[PDB]
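Consider the single chain below, provided in structure tokens and representing the form deposited in one PDB entry.
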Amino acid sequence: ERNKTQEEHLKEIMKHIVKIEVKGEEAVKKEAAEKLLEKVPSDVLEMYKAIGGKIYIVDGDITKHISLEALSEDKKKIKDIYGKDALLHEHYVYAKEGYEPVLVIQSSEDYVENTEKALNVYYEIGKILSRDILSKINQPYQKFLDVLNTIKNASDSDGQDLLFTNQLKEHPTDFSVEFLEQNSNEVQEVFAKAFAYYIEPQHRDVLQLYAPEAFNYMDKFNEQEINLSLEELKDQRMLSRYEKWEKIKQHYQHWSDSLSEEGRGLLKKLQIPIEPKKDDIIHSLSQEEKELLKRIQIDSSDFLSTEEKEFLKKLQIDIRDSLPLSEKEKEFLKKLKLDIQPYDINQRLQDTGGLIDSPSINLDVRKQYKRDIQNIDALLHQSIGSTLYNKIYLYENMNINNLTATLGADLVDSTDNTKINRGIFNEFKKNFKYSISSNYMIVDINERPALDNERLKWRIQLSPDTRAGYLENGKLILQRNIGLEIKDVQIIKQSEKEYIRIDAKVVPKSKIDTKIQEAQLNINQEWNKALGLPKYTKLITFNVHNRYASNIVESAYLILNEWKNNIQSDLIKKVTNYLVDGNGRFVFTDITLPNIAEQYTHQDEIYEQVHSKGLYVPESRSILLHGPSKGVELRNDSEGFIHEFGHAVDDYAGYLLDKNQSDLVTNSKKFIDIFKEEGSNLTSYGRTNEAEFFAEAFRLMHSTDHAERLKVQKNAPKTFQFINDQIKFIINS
């Protein structure tokens, strides 16, 4: 009842591109042409249509046709699917290239009994697919280069002995995107050829026999992926782009016409954050605060990013129209930091992962943000589902840093900033299975060019249920708390520049949350048994809310295996138990640290919050690890985590000392001296203070890279010996 729509869809498109012009009562020859083109993936025909192509089923010497009247002696001599040279006016198929593509097929009685012709026809169709269609959306590409390479560098040469020419066979190294750059026709042939073998039922088995990797590709591509190709092709068409924009503009017409003034004011301040105003900041500053603002070398501290540094710095300039540093001021600045933040709603949601009630900001602003959010939530009430259309893809241009600053640091090739580093790419695609949107996604109806720092191009498949708001500029504002499943990640070329296309499908946030919850439950069964804790204890927690969601979860495991394989099993158990006894937690999250209870719950003042890659909270006996960022030159998260476990070791040892109080062993005079001496030998960060030095040192000593283990030994021996004492002390005592 739904397959028939497909046959229905066929006849439709046929009506156009398929034009018969024969002698032998067309009713038959035509019937044959339908049975032949019926084997070809429906969407390839609509794509051919989209680019103005046409299929002509004529009689006799094919070159004896209007469309082929102009063919140049060179393009009059072809080569069949097998490489055998032929003469056009003697063959039965030909696909004319150009800004007015032509497919001419010689009307023959049988194409069934003749598995050879059919193969060739499909080969010229495949040639159309790769050369005339895919080429308009920059493909085949890297994904295909992969199938090609797998074929050659595979021990079984029979793969090559079927799809590659000798030109490809000889080529030494793998085929790089560069190769393809100046060999498009080469790849297109192979593509076309494999498409051919696949399409023609008889030669399909052969493909799957000697070139499985190829079969697979062409299989997946024709059974699904292709439809996305058609989608991208359409996105290139001006009229298609606008026909789409209109239907949607229409589906939300009432919603818009009825939208109030305030309504628009909200949608507006949600797209462009309000920066803090001097006349207010200055005005707010208490008498002493305002005064104290003059003895400050703002550039002194660190918790103030350059933007903030400069901003603050210009506050003096207005006050001057008149007549390191202490911690009382350090306090003053930790206070102003909060006040000089832009009022950025979506930002607020991302940072809190949706917990808009977090006491990580001053009550009044917390409230101001809640009011507006509860409102936008009310405004974005009408769902996208409509009778004006079915599947609807929306696009979003994203910055890799938003998901993982660490990989984002080496995403673009440093020699050619137009290419994407296959290395970081692979690592980035690795465990990216699901994503979550805690703030309002602002997507485009039709895909648009990106910004420089944006090398991520999302193609999202909305659910009819998904609510959204329409913007005049052709952008939709989706409702918060969306669930997204990653369906495909690949490298693509667009505008002589490489991008990572992410193909995602919207699903119920709960479905994703359940996965997170099931995982957190699983990870404890495992590490409770390893560490030997009570079967049902809650040690590790996944506080995952943002877009690189699944990853946070999959890296927690790996982080721990590292933690394990580098530190003494008995040190792990002794300290870990200490933590559990105090309800401690290993928190892996993607929301900024000042929004994790484990830290804010035990805060004195709010301005005393810390956001970083890692953090240890004695009061909660928990270790927090923020995944989306990049630790100050930490190779990876494993290290940062261990560094924190150092602060934990410091916290237990000190306790074992004088059990009557929670003091750090890193505070003992004996250590305050080792630090005063060797405390400048290891990482600069270690130079901060004893606790950080102890941890920095503790970390290097347990690095997966011994080169680093040696550094401590021959640079901070007095320390390397200290830490090792503390290790035995804890292990035994």
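Think of the rigid core as the biggest set of C-alphas that the two forms share within 1.5 Å after superposition. Quick note: we count residues from 1 along the sequence shown, nothing fancier.
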{"item": "Residues of the deposited sequence that sit between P324 and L323 yet are not modelled", "value": "10 or more"}
{"item": "Which of 74-82 and 398-406 has higher mean CA B factor, as the PDB entry lists it", "value": "74-82"}
{"item": "Given 609-617 and 209-217, the range whose Cα B-factors average higher in the PDB entry", "value": "209-217"}
{"item": "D488, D581, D444, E109, ranked by C-alpha B-factor: the highest one", "value": "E109"}
{"item": "Options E262, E189, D663, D604 - largest CA temperature factor per the record", "value": "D663"}
{"item": "Where the record places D590 (Cα B-factor, split into thirds across the chain)", "value": "lowest"}
{"item": "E246 CA temperature factor, ranked by third within the chain", "value": "lowest"}
{"item": "Chain-wide C-alpha B factor ranking for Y440, given as lowest, middle or highest third", "value": "lowest"}
{"item": "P276 CA temperature factor, ranked by third within the chain", "value": "highest"}
{"item": "Lowest, middle or highest third - CA B-factor, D503", "value": "lowest"}
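FYI, the form deposited in another entry isn't displayed, but the following is about it.
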query: Flagged residue of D156, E496, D416, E262 - C-alpha shift reaching 2 Å or more between this form and the one not shown, core superposed; finding: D156
query: Large Cα move at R709 between this form and the one not shown, threshold 2 Å, rigid core; finding: no
query: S135 C-alpha shift between this form and the one not shown of 2 Å or more, rigid core reference; finding: no
query: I317 C-alpha relocation of at least 2 Å between this form and the one not shown, rigid core basis; finding: yes
